[PDB]
Amino acid sequence: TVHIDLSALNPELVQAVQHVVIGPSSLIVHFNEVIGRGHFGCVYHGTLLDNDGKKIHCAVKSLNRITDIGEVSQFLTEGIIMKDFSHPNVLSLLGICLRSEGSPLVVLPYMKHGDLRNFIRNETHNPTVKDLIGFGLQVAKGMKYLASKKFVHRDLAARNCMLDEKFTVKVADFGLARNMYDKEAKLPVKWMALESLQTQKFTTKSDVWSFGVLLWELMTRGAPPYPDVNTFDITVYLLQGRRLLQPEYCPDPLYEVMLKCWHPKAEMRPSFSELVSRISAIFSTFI
Amino acid sequence: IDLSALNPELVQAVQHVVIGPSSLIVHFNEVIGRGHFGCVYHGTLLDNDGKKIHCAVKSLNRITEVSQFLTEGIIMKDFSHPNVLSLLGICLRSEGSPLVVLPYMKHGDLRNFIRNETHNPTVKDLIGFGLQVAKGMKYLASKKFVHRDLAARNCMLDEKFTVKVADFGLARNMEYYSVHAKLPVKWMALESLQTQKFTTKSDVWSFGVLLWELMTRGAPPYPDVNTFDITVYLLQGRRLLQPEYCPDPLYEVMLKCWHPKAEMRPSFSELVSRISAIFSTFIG
Ligand SMILES: COc1cc2nccc(Oc3c(F)cc(NC(=O)c4cnccc4OC)cc3F)c2cc1OCCO
Ligand SMILES: COc1cc2nccc(Oc3c(F)cc(NC(=O)c4cnccc4OC)cc3F)c2cc1OCCO
């Protein structure tokens, strides 16, 4: 494991990071109880207790990329901004838990019904199209909040959208932004915009493109984007002006919005504020 | 790679499939298909009886995951049908990739065989080769095995000119995060092109194309249609045209396979019955 000398941090930084830190004594991880595994890593069940209060059911995950002392300080400063994020459609972290055993941990509020993609894909779950459009709105409202804070997600998808106990879609981040700037690599090319594939420039406009793909997933009940196209022919596909086709049970107004998101020029794409109003309309009209 | 790293109940349960390195000679000098079908070499499998067996060995260099591979080994090993290429065993080692071993199929793949201009099989032979595949897929279908990549290229011929349905196991590759192979889009079913979901009914669609390959002596499907515009083409209702030497009854079976509604497509048991009648109405 990675033995980090946690006493090497700047006292001023440490004192400015007191609200975001946890302290291993306050946080209980369940290494036996694995809730999921994927590209980023394993996620575990957790038990935090705030202000010597009741047990808070949370999800814990490690960041193995963080090795040296510098990479810790990097993430702590980022965590300050992440903690300040307060929105009903954004899954903000509770805090970071440093330890001398291995790499740092990040604690987030536990999400009962899990990720958005597996939810709609699940056979037992059978939500109507009314709900599927509703999920898209929450992401947009969620992304609108982040957009106002000048946040660039760089990996917006159904998989990175989580349902709580009240089936509330919250935008989650797995730190793709970090990995890119560290190692410069496996990137989500199908969710990436035409700029991102070539230039690797990421903005709100690239997230709008990614949001377009997210809407496609919802309407197809979590189908893999570009399912009749190779992963390494996506650049050519988009260069030739071909986009995703209209799903079977997808309103024309909603698909029209998807096409706006998938505009070759970046500035021509709509803002997240606009997507809230449009999808709100489509949510109301639909039977 | 450590061959006994994870759960040690597998190795006990998967004794039959696993084969010892001592009882397997790999002729690395003799290479099959001139390296067009990956790293496939000749081999000699020492049976516990005594006498040796001519086999073909392939190195699978797409593995770190390992659990999922051996799981399929149990399923593959416990297959046995005249028109299905059986898996002899997998040879694990302390170092190197896993080696899959199969019985040597003399005349190679079916696609190149019918295309081979030197060979001149009659239409009855071609319908004969098509029927064998249906009987092979009937067996696999009955044991709930979705082939996914069913095509002439994935069918093999022995010295008795017996068609065997072979699996290369590349269908388990189809990724979220990629770093800068081909999907069989022209063999894929309509719903498979939209969902990437494969069933026995999706294999029926692919089988329809396989028949079309046979009847055209291994022509390229949809030769004047783009890879990208292949889904729309099928949604428009367009299908492969009737080959020159394709009988009308056999072409109906092809169209029957390419029904947009998947449930409406015929089973492999149903297809065998149809083609048996067609095969028996030919002189030879
Ligand atoms: C059981 O359902 C699930 C419920 C879940 N509930 C809450 C959280 C989950 O996973 C996450 C996680 F552990 C970490 C992070 N964030 C980061 O790592 C991160 C890294 N760097 C910078 C900033 C970062 O964010 C602050 C995001 C997650 F969403 C869940 C996963 C589930 O499983 C999904 C698959 O089954
Ligand atoms: C000389 O003739 C030939 C004779 C041949 N005899 C036997 C096998 C051949 O090719 C195959 C091969 F090497 C590997 C596999 N199986 C797998 O890879 C696999 C991988 N993962 C999981 C499961 C898997 O299956 C169990 C299947 C094949 F059919 C032959 C090819 C020839 O040439 C073809 C061109 O003519």
# chains A, B, ... in the order shown; residues from 1 in each chain; ligands from 1
>>> residues_around(residues="range 263-272 of chain A", least_positions_apart="6", cutoff="6 Å", atoms="only C-alpha atoms", output="list in words")
residues 140, 144 and 205 of chain A
>>> residues_around(residues="residue 66 in chain A", least_positions_apart="2", cutoff="10 Å", atoms="only C-alpha atoms", output="list in words")
residues 2, 4, 62, 63, 64, 68, 69, 70, 71, 72, 73, 74, 75, 102, 103, 104 and 182 of chain A
>>> select_by_dssp(residues="range 6-207 of chain A", states="strand (DSSP E)", output="PDB file with N, CA, C and O atoms, in the first residue's frame")
ATOM      1  N   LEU A  27     -15.103   7.639  10.426  1.00  0.00           N
ATOM      2  CA  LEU A  27     -15.637   7.003   9.232  1.00  0.00           C
ATOM      3  C   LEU A  27     -15.341   5.504   9.265  1.00  0.00           C
ATOM      4  O   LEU A  27     -14.196   5.098   9.455  1.00  0.00           O
ATOM      5  N   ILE A  28     -16.391   4.698   9.062  1.00  0.00           N
ATOM      6  CA  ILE A  28     -16.287   3.247   9.053  1.00  0.00           C
ATOM      7  C   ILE A  28     -16.587   2.748   7.641  1.00  0.00           C
ATOM      8  O   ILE A  28     -17.659   3.022   7.107  1.00  0.00           O
ATOM      9  N   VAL A  29     -15.632   2.015   7.054  1.00  0.00           N
ATOM     10  CA  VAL A  29     -15.786   1.442   5.725  1.00  0.00           C
ATOM     11  C   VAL A  29     -16.164  -0.030   5.868  1.00  0.00           C
ATOM     12  O   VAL A  29     -15.792  -0.675   6.847  1.00  0.00           O
ATOM     13  N   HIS A  30     -16.906  -0.546   4.880  1.00  0.00           N
ATOM     14  CA  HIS A  30     -17.248  -1.957   4.811  1.00  0.00           C
ATOM     15  C   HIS A  30     -16.607  -2.568   3.568  1.00  0.00           C
ATOM     16  O   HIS A  30     -17.186  -2.534   2.484  1.00  0.00           O
ATOM     17  N   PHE A  31     -15.401  -3.121   3.742  1.00  0.00           N
ATOM     18  CA  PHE A  31     -14.628  -3.676   2.641  1.00  0.00           C
ATOM     19  C   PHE A  31     -15.251  -4.985   2.158  1.00  0.00           C
ATOM     20  O   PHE A  31     -15.064  -5.367   1.004  1.00  0.00           O
ATOM     21  N   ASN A  32     -15.981  -5.668   3.048  1.00  0.00           N
ATOM     22  CA  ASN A  32     -16.717  -6.871   2.689  1.00  0.00           C
ATOM     23  C   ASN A  32     -17.871  -6.509   1.757  1.00  0.00           C
ATOM     24  O   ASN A  32     -18.118  -7.206   0.775  1.00  0.00           O
ATOM     25  N   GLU A  33     -18.566  -5.410   2.080  1.00  0.00           N
ATOM     26  CA  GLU A  33     -19.757  -4.997   1.357  1.00  0.00           C
ATOM     27  C   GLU A  33     -19.366  -4.090   0.190  1.00  0.00           C
ATOM     28  O   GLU A  33     -19.260  -2.876   0.350  1.00  0.00           O
ATOM     29  N   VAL A  34     -19.160  -4.701  -0.983  1.00  0.00           N
ATOM     30  CA  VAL A  34     -18.853  -3.973  -2.205  1.00  0.00           C
ATOM     31  C   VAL A  34     -20.164  -3.673  -2.928  1.00  0.00           C
ATOM     32  O   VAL A  34     -20.940  -4.586  -3.202  1.00  0.00           O
ATOM     33  N   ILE A  35     -20.396  -2.389  -3.237  1.00  0.00           N
ATOM     34  CA  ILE A  35     -21.648  -1.951  -3.839  1.00  0.00           C
ATOM     35  C   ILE A  35     -21.521  -1.942  -5.363  1.00  0.00           C
ATOM     36  O   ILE A  35     -22.527  -2.058  -6.063  1.00  0.00           O
ATOM     37  N   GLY A  36     -20.292  -1.787  -5.870  1.00  0.00           N
ATOM     38  CA  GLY A  36     -20.061  -1.786  -7.305  1.00  0.00           C
ATOM     39  C   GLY A  36     -18.576  -1.750  -7.657  1.00  0.00           C
ATOM     40  O   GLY A  36     -17.733  -1.475  -6.804  1.00  0.00           O
ATOM     41  N   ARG A  37     -18.283  -2.038  -8.929  1.00  0.00           N
ATOM     42  CA  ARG A  37     -16.933  -1.988  -9.467  1.00  0.00           C
ATOM     43  C   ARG A  37     -17.017  -1.574 -10.935  1.00  0.00           C
ATOM     44  O   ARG A  37     -17.971  -1.928 -11.625  1.00  0.00           O
ATOM     45  N   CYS A  42     -13.305   0.209  -7.191  1.00  0.00           N
ATOM     46  CA  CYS A  42     -14.339  -0.395  -6.366  1.00  0.00           C
ATOM     47  C   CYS A  42     -14.943   0.658  -5.440  1.00  0.00           C
ATOM     48  O   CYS A  42     -14.230   1.524  -4.936  1.00  0.00           O
ATOM     49  N   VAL A  43     -16.262   0.563  -5.228  1.00  0.00           N
ATOM     50  CA  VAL A  43     -16.969   1.421  -4.293  1.00  0.00           C
ATOM     51  C   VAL A  43     -17.495   0.545  -3.159  1.00  0.00           C
ATOM     52  O   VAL A  43     -17.945  -0.574  -3.397  1.00  0.00           O
ATOM     53  N   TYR A  44     -17.435   1.072  -1.930  1.00  0.00           N
ATOM     54  CA  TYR A  44     -17.781   0.313  -0.739  1.00  0.00           C
ATOM     55  C   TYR A  44     -18.903   1.018   0.018  1.00  0.00           C
ATOM     56  O   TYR A  44     -19.094   2.222  -0.131  1.00  0.00           O
ATOM     57  N   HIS A  45     -19.636   0.248   0.834  1.00  0.00           N
ATOM     58  CA  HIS A  45     -20.548   0.812   1.816  1.00  0.00           C
ATOM     59  C   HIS A  45     -19.739   1.483   2.923  1.00  0.00           C
ATOM     60  O   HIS A  45     -18.611   1.078   3.201  1.00  0.00           O
ATOM     61  N   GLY A  46     -20.333   2.505   3.550  1.00  0.00           N
ATOM     62  CA  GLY A  46     -19.668   3.267   4.594  1.00  0.00           C
ATOM     63  C   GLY A  46     -20.634   3.698   5.695  1.00  0.00           C
ATOM     64  O   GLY A  46     -21.849   3.594   5.537  1.00  0.00           O
ATOM     65  N   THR A  47     -20.067   4.177   6.809  1.00  0.00           N
ATOM     66  CA  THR A  47     -20.842   4.672   7.935  1.00  0.00           C
ATOM     67  C   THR A  47     -20.106   5.846   8.578  1.00  0.00           C
ATOM     68  O   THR A  47     -19.163   5.647   9.340  1.00  0.00           O
ATOM     69  N   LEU A  48     -20.550   7.062   8.242  1.00  0.00           N
ATOM     70  CA  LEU A  48     -20.045   8.283   8.852  1.00  0.00           C
ATOM     71  C   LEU A  48     -21.016   8.720   9.947  1.00  0.00           C
ATOM     72  O   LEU A  48     -22.204   8.412   9.881  1.00  0.00           O
ATOM     73  N   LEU A  49     -20.491   9.430  10.954  1.00  0.00           N
ATOM     74  CA  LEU A  49     -21.308  10.013  12.007  1.00  0.00           C
ATOM     75  C   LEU A  49     -20.855  11.454  12.241  1.00  0.00           C
ATOM     76  O   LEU A  49     -19.749  11.690  12.723  1.00  0.00           O
ATOM     77  N   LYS A  55     -25.734   7.528  12.418  1.00  0.00           N
ATOM     78  CA  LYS A  55     -24.980   6.939  11.322  1.00  0.00           C
ATOM     79  C   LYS A  55     -25.528   7.456   9.994  1.00  0.00           C
ATOM     80  O   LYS A  55     -26.736   7.439   9.766  1.00  0.00           O
ATOM     81  N   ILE A  56     -24.618   7.931   9.134  1.00  0.00           N
ATOM     82  CA  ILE A  56     -24.962   8.423   7.810  1.00  0.00           C
ATOM     83  C   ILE A  56     -24.494   7.393   6.785  1.00  0.00           C
ATOM     84  O   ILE A  56     -23.294   7.193   6.614  1.00  0.00           O
ATOM     85  N   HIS A  57     -25.455   6.743   6.116  1.00  0.00           N
ATOM     86  CA  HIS A  57     -25.149   5.752   5.099  1.00  0.00           C
ATOM     87  C   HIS A  57     -24.538   6.452   3.887  1.00  0.00           C
ATOM     88  O   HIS A  57     -25.174   7.316   3.285  1.00  0.00           O
ATOM     89  N   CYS A  58     -23.295   6.080   3.554  1.00  0.00           N
ATOM     90  CA  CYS A  58     -22.535   6.745   2.509  1.00  0.00           C
ATOM     91  C   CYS A  58     -21.797   5.716   1.655  1.00  0.00           C
ATOM     92  O   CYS A  58     -21.765   4.532   1.989  1.00  0.00           O
ATOM     93  N   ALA A  59     -21.223   6.191   0.543  1.00  0.00           N
ATOM     94  CA  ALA A  59     -20.416   5.370  -0.346  1.00  0.00           C
ATOM     95  C   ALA A  59     -18.981   5.891  -0.347  1.00  0.00           C
ATOM     96  O   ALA A  59     -18.760   7.095  -0.456  1.00  0.00           O
ATOM     97  N   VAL A  60     -18.017   4.968  -0.235  1.00  0.00           N
ATOM     98  CA  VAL A  60     -16.612   5.318  -0.100  1.00  0.00           C
ATOM     99  C   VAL A  60     -15.831   4.704  -1.261  1.00  0.00           C
ATOM    100  O   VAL A  60     -16.138   3.600  -1.707  1.00  0.00           O
ATOM    101  N   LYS A  61     -14.812   5.438  -1.729  1.00  0.00           N
ATOM    102  CA  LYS A  61     -13.985   5.019  -2.850  1.00  0.00           C
ATOM    103  C   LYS A  61     -12.581   5.595  -2.681  1.00  0.00           C
ATOM    104  O   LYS A  61     -12.418   6.688  -2.144  1.00  0.00           O
ATOM    105  N   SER A  62     -11.578   4.847  -3.160  1.00  0.00           N
ATOM    106  CA  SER A  62     -10.182   5.238  -3.048  1.00  0.00           C
ATOM    107  C   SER A  62      -9.683   5.795  -4.379  1.00  0.00           C
ATOM    108  O   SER A  62     -10.211   5.452  -5.435  1.00  0.00           O
ATOM    109  N   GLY A  95     -16.903  14.607   2.327  1.00  0.00           N
ATOM    110  CA  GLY A  95     -15.537  15.043   2.561  1.00  0.00           C
ATOM    111  C   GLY A  95     -14.512  13.976   2.181  1.00  0.00           C
ATOM    112  O   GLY A  95     -14.874  12.866   1.792  1.00  0.00           O
ATOM    113  N   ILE A  96     -13.230  14.341   2.308  1.00  0.00           N
ATOM    114  CA  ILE A  96     -12.113  13.476   1.965  1.00  0.00           C
ATOM    115  C   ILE A  96     -11.525  12.915   3.258  1.00  0.00           C
ATOM    116  O   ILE A  96     -11.384  13.643   4.239  1.00  0.00           O
ATOM    117  N   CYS A  97     -11.181  11.622   3.248  1.00  0.00           N
ATOM    118  CA  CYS A  97     -10.580  10.974   4.404  1.00  0.00           C
ATOM    119  C   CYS A  97      -9.162  10.518   4.065  1.00  0.00           C
ATOM    120  O   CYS A  97      -8.976   9.521   3.370  1.00  0.00           O
ATOM    121  N   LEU A 105      -9.333   8.548   0.610  1.00  0.00           N
ATOM    122  CA  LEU A 105     -10.698   8.128   0.340  1.00  0.00           C
ATOM    123  C   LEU A 105     -11.576   9.357   0.124  1.00  0.00           C
ATOM    124  O   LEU A 105     -11.285  10.432   0.645  1.00  0.00           O
ATOM    125  N   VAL A 106     -12.660   9.170  -0.641  1.00  0.00           N
ATOM    126  CA  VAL A 106     -13.653  10.208  -0.864  1.00  0.00           C
ATOM    127  C   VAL A 106     -15.025   9.638  -0.507  1.00  0.00           C
ATOM    128  O   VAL A 106     -15.391   8.560  -0.971  1.00  0.00           O
ATOM    129  N   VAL A 107     -15.764  10.372   0.337  1.00  0.00           N
ATOM    130  CA  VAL A 107     -17.043   9.918   0.864  1.00  0.00           C
ATOM    131  C   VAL A 107     -18.154  10.758   0.239  1.00  0.00           C
ATOM    132  O   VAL A 107     -18.090  11.985   0.264  1.00  0.00           O
ATOM    133  N   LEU A 108     -19.167  10.079  -0.320  1.00  0.00           N
ATOM    134  CA  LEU A 108     -20.324  10.738  -0.904  1.00  0.00           C
ATOM    135  C   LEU A 108     -21.598  10.152  -0.296  1.00  0.00           C
ATOM    136  O   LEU A 108     -21.588   9.020   0.185  1.00  0.00           O
ATOM    137  N   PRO A 109     -22.733  10.892  -0.307  1.00  0.00           N
ATOM    138  CA  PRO A 109     -24.004  10.362   0.187  1.00  0.00           C
ATOM    139  C   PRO A 109     -24.435   9.126  -0.598  1.00  0.00           C
ATOM    140  O   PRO A 109     -24.362   9.122  -1.824  1.00  0.00           O
ATOM    141  N   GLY A 114     -29.080   3.574  -7.085  1.00  0.00           N
ATOM    142  CA  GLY A 114     -27.855   3.418  -7.852  1.00  0.00           C
ATOM    143  C   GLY A 114     -27.822   4.305  -9.095  1.00  0.00           C
ATOM    144  O   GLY A 114     -28.483   5.341  -9.139  1.00  0.00           O
ATOM    145  N   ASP A 115     -27.050   3.872 -10.100  1.00  0.00           N
ATOM    146  CA  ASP A 115     -26.789   4.669 -11.289  1.00  0.00           C
ATOM    147  C   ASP A 115     -28.007   4.646 -12.209  1.00  0.00           C
ATOM    148  O   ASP A 115     -28.863   3.770 -12.100  1.00  0.00           O
ATOM    149  N   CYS A 161     -24.864   9.268 -13.288  1.00  0.00           N
ATOM    150  CA  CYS A 161     -26.035   9.917 -12.723  1.00  0.00           C
ATOM    151  C   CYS A 161     -26.725   8.940 -11.774  1.00  0.00           C
ATOM    152  O   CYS A 161     -26.982   7.798 -12.148  1.00  0.00           O
ATOM    153  N   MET A 162     -27.024   9.403 -10.554  1.00  0.00           N
ATOM    154  CA  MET A 162     -27.382   8.511  -9.463  1.00  0.00           C
ATOM    155  C   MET A 162     -28.764   8.871  -8.921  1.00  0.00           C
ATOM    156  O   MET A 162     -29.105  10.047  -8.816  1.00  0.00           O
ATOM    157  N   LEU A 163     -29.539   7.835  -8.568  1.00  0.00           N
ATOM    158  CA  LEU A 163     -30.859   7.996  -7.977  1.00  0.00           C
ATOM    159  C   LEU A 163     -30.775   7.746  -6.473  1.00  0.00           C
ATOM    160  O   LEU A 163     -30.231   6.728  -6.046  1.00  0.00           O
ATOM    161  N   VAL A 169     -32.436  12.325  -9.527  1.00  0.00           N
ATOM    162  CA  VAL A 169     -31.227  12.217 -10.327  1.00  0.00           C
ATOM    163  C   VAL A 169     -30.233  13.274  -9.853  1.00  0.00           C
ATOM    164  O   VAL A 169     -30.548  14.463  -9.847  1.00  0.00           O
ATOM    165  N   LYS A 170     -29.036  12.819  -9.461  1.00  0.00           N
ATOM    166  CA  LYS A 170     -27.957  13.699  -9.040  1.00  0.00           C
ATOM    167  C   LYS A 170     -26.730  13.431  -9.907  1.00  0.00           C
ATOM    168  O   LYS A 170     -26.352  12.279 -10.110  1.00  0.00           O
ATOM    169  N   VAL A 171     -26.117  14.511 -10.407  1.00  0.00           N
ATOM    170  CA  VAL A 171     -24.949  14.419 -11.267  1.00  0.00           C
ATOM    171  C   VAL A 171     -23.735  14.087 -10.401  1.00  0.00           C
ATOM    172  O   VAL A 171     -23.384  14.855  -9.506  1.00  0.00           O
TER     173      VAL A 171
END
>>> interface_residues(of="chain B", to="chain A", cutoff="6 Å", atoms="only C-alpha atoms", output="ChimeraX atom specification")
/B:177-179,193-195
>>> residues_near_ligand(ligand="ligand 2", cutoff="6 Å", atoms="only C-alpha atoms and all ligand atoms", output="list in words")
residues 32, 33, 40, 56, 57, 58, 87, 102, 103, 104, 105, 106, 107, 108, 109, 166, 167, 168 and 169 of chain B
>>> write_last_selection(atoms="N, CA, C and O atoms", output="mmCIF file, in the first residue's frame")
data_model
loop_
_atom_site.group_PDB
_atom_site.id
_atom_site.type_symbol
_atom_site.label_atom_id
_atom_site.label_comp_id
_atom_site.auth_asym_id
_atom_site.auth_seq_id
_atom_site.Cartn_x
_atom_site.Cartn_y
_atom_site.Cartn_z
ATOM 1 N N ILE B 32 -0.781 -21.252 -39.215
ATOM 2 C CA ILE B 32 -1.996 -21.495 -39.978
ATOM 3 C C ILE B 32 -2.580 -20.164 -40.448
ATOM 4 O O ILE B 32 -2.619 -19.194 -39.693
ATOM 5 N N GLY B 33 -3.042 -20.144 -41.706
ATOM 6 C CA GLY B 33 -3.705 -18.986 -42.282
ATOM 7 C C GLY B 33 -2.742 -17.833 -42.566
ATOM 8 O O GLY B 33 -3.183 -16.710 -42.795
ATOM 9 N N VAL B 40 -2.291 -18.411 -34.895
ATOM 10 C CA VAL B 40 -2.800 -19.774 -34.889
ATOM 11 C C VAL B 40 -1.735 -20.690 -35.489
ATOM 12 O O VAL B 40 -1.311 -20.480 -36.625
ATOM 13 N N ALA B 56 -5.072 -27.838 -33.811
ATOM 14 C CA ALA B 56 -4.679 -26.472 -34.124
ATOM 15 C C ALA B 56 -4.748 -25.627 -32.855
ATOM 16 O O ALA B 56 -5.770 -25.622 -32.171
ATOM 17 N N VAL B 57 -3.654 -24.914 -32.559
ATOM 18 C CA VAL B 57 -3.520 -24.160 -31.323
ATOM 19 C C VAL B 57 -3.504 -22.669 -31.652
ATOM 20 O O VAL B 57 -2.939 -22.267 -32.667
ATOM 21 N N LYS B 58 -4.125 -21.863 -30.781
ATOM 22 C CA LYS B 58 -4.146 -20.415 -30.931
ATOM 23 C C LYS B 58 -3.778 -19.757 -29.603
ATOM 24 O O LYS B 58 -4.219 -20.199 -28.546
ATOM 25 N N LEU B 87 -14.279 -27.892 -28.341
ATOM 26 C CA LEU B 87 -13.101 -27.373 -27.665
ATOM 27 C C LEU B 87 -12.425 -28.524 -26.923
ATOM 28 O O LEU B 87 -13.033 -29.134 -26.044
ATOM 29 N N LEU B 102 -7.961 -26.874 -30.659
ATOM 30 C CA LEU B 102 -9.114 -27.439 -31.344
ATOM 31 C C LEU B 102 -8.645 -28.490 -32.349
ATOM 32 O O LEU B 102 -7.485 -28.481 -32.754
ATOM 33 N N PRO B 103 -9.528 -29.418 -32.795
ATOM 34 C CA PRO B 103 -9.159 -30.419 -33.798
ATOM 35 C C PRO B 103 -8.860 -29.783 -35.153
ATOM 36 O O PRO B 103 -9.575 -28.881 -35.585
ATOM 37 N N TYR B 104 -7.809 -30.274 -35.820
ATOM 38 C CA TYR B 104 -7.348 -29.692 -37.070
ATOM 39 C C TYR B 104 -8.417 -29.853 -38.148
ATOM 40 O O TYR B 104 -8.754 -30.972 -38.530
ATOM 41 N N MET B 105 -8.940 -28.718 -38.626
ATOM 42 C CA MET B 105 -9.935 -28.689 -39.685
ATOM 43 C C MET B 105 -9.226 -28.511 -41.027
ATOM 44 O O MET B 105 -8.844 -27.401 -41.388
ATOM 45 N N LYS B 106 -9.074 -29.622 -41.761
ATOM 46 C CA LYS B 106 -8.197 -29.696 -42.920
ATOM 47 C C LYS B 106 -8.448 -28.531 -43.876
ATOM 48 O O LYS B 106 -7.547 -27.732 -44.124
ATOM 49 N N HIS B 107 -9.678 -28.437 -44.396
ATOM 50 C CA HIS B 107 -9.981 -27.574 -45.528
ATOM 51 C C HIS B 107 -10.284 -26.138 -45.092
ATOM 52 O O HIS B 107 -10.702 -25.325 -45.914
ATOM 53 N N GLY B 108 -10.072 -25.826 -43.807
ATOM 54 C CA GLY B 108 -10.130 -24.452 -43.333
ATOM 55 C C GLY B 108 -11.560 -23.924 -43.264
ATOM 56 O O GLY B 108 -12.504 -24.698 -43.123
ATOM 57 N N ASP B 109 -11.702 -22.596 -43.375
ATOM 58 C CA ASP B 109 -12.981 -21.932 -43.185
ATOM 59 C C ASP B 109 -13.846 -22.103 -44.432
ATOM 60 O O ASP B 109 -13.336 -22.353 -45.522
ATOM 61 N N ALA B 166 -17.721 -22.951 -35.633
ATOM 62 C CA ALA B 166 -16.607 -22.629 -34.757
ATOM 63 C C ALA B 166 -16.790 -21.230 -34.176
ATOM 64 O O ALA B 166 -17.339 -20.349 -34.835
ATOM 65 N N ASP B 167 -16.315 -21.043 -32.939
ATOM 66 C CA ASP B 167 -16.361 -19.756 -32.265
ATOM 67 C C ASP B 167 -14.932 -19.294 -31.993
ATOM 68 O O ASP B 167 -14.116 -20.067 -31.495
ATOM 69 N N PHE B 168 -14.645 -18.030 -32.329
ATOM 70 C CA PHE B 168 -13.344 -17.431 -32.077
ATOM 71 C C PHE B 168 -13.367 -16.638 -30.770
ATOM 72 O O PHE B 168 -12.312 -16.308 -30.233
ATOM 73 N N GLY B 169 -14.570 -16.325 -30.271
ATOM 74 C CA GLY B 169 -14.732 -15.708 -28.965
ATOM 75 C C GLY B 169 -14.332 -14.233 -28.953
ATOM 76 O O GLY B 169 -13.867 -13.729 -27.933
#
>>> residues_around(residues="residue 203 in chain B", least_positions_apart="3", cutoff="9 Å", atoms="only C-alpha atoms", output="ChimeraX atom specification")
/B:137,146-150,187-189,198-200,206-208
>>> write_last_selection(atoms="N, CA, C and O atoms", output="mmCIF file, in the first residue's frame")
data_model
loop_
_atom_site.group_PDB
_atom_site.id
_atom_site.type_symbol
_atom_site.label_atom_id
_atom_site.label_comp_id
_atom_site.auth_asym_id
_atom_site.auth_seq_id
_atom_site.Cartn_x
_atom_site.Cartn_y
_atom_site.Cartn_z
ATOM 1 N N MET B 137 -26.432 -25.068 -35.357
ATOM 2 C CA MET B 137 -27.002 -23.957 -34.612
ATOM 3 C C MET B 137 -28.216 -24.428 -33.813
ATOM 4 O O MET B 137 -28.546 -23.834 -32.790
ATOM 5 N N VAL B 146 -25.730 -18.196 -27.641
ATOM 6 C CA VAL B 146 -25.805 -17.158 -28.655
ATOM 7 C C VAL B 146 -24.411 -16.969 -29.248
ATOM 8 O O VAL B 146 -23.484 -16.583 -28.538
ATOM 9 N N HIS B 147 -24.280 -17.244 -30.551
ATOM 10 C CA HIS B 147 -22.995 -17.224 -31.231
ATOM 11 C C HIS B 147 -22.516 -15.787 -31.432
ATOM 12 O O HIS B 147 -21.327 -15.508 -31.294
ATOM 13 N N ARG B 148 -23.451 -14.901 -31.802
ATOM 14 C CA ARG B 148 -23.219 -13.468 -31.931
ATOM 15 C C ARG B 148 -22.554 -13.151 -33.271
ATOM 16 O O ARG B 148 -23.059 -12.311 -34.019
ATOM 17 N N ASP B 149 -21.423 -13.814 -33.563
ATOM 18 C CA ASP B 149 -20.706 -13.594 -34.810
ATOM 19 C C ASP B 149 -20.814 -14.845 -35.680
ATOM 20 O O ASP B 149 -19.825 -15.539 -35.905
ATOM 21 N N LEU B 150 -22.031 -15.119 -36.166
ATOM 22 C CA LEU B 150 -22.269 -16.235 -37.067
ATOM 23 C C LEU B 150 -22.023 -15.779 -38.504
ATOM 24 O O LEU B 150 -22.651 -14.834 -38.975
ATOM 25 N N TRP B 187 -23.831 -8.662 -40.905
ATOM 26 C CA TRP B 187 -24.379 -9.933 -40.460
ATOM 27 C C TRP B 187 -25.321 -9.733 -39.273
ATOM 28 O O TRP B 187 -26.093 -10.631 -38.942
ATOM 29 N N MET B 188 -25.249 -8.555 -38.638
ATOM 30 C CA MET B 188 -25.984 -8.282 -37.412
ATOM 31 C C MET B 188 -27.463 -8.066 -37.722
ATOM 32 O O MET B 188 -27.817 -7.590 -38.800
ATOM 33 N N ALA B 189 -28.315 -8.417 -36.749
ATOM 34 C CA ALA B 189 -29.754 -8.253 -36.870
ATOM 35 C C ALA B 189 -30.122 -6.788 -36.653
ATOM 36 O O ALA B 189 -29.305 -6.002 -36.177
ATOM 37 N N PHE B 198 -28.001 -9.607 -28.268
ATOM 38 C CA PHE B 198 -27.953 -10.778 -29.127
ATOM 39 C C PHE B 198 -28.757 -11.908 -28.490
ATOM 40 O O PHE B 198 -28.698 -12.110 -27.279
ATOM 41 N N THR B 199 -29.504 -12.631 -29.332
ATOM 42 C CA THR B 199 -30.308 -13.767 -28.912
ATOM 43 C C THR B 199 -30.136 -14.884 -29.939
ATOM 44 O O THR B 199 -29.316 -14.769 -30.848
ATOM 45 N N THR B 200 -30.911 -15.963 -29.784
ATOM 46 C CA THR B 200 -30.966 -17.021 -30.779
ATOM 47 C C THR B 200 -31.620 -16.489 -32.055
ATOM 48 O O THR B 200 -31.300 -16.945 -33.152
ATOM 49 N N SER B 206 -28.348 -13.662 -38.808
ATOM 50 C CA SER B 206 -26.988 -13.877 -39.280
ATOM 51 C C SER B 206 -26.912 -15.126 -40.160
ATOM 52 O O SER B 206 -26.166 -15.148 -41.138
ATOM 53 N N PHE B 207 -27.684 -16.161 -39.802
ATOM 54 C CA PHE B 207 -27.721 -17.399 -40.565
ATOM 55 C C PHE B 207 -28.286 -17.141 -41.960
ATOM 56 O O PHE B 207 -27.804 -17.711 -42.936
ATOM 57 N N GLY B 208 -29.314 -16.288 -42.040
ATOM 58 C CA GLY B 208 -29.884 -15.880 -43.315
ATOM 59 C C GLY B 208 -28.819 -15.337 -44.265
ATOM 60 O O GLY B 208 -28.815 -15.667 -45.449
#
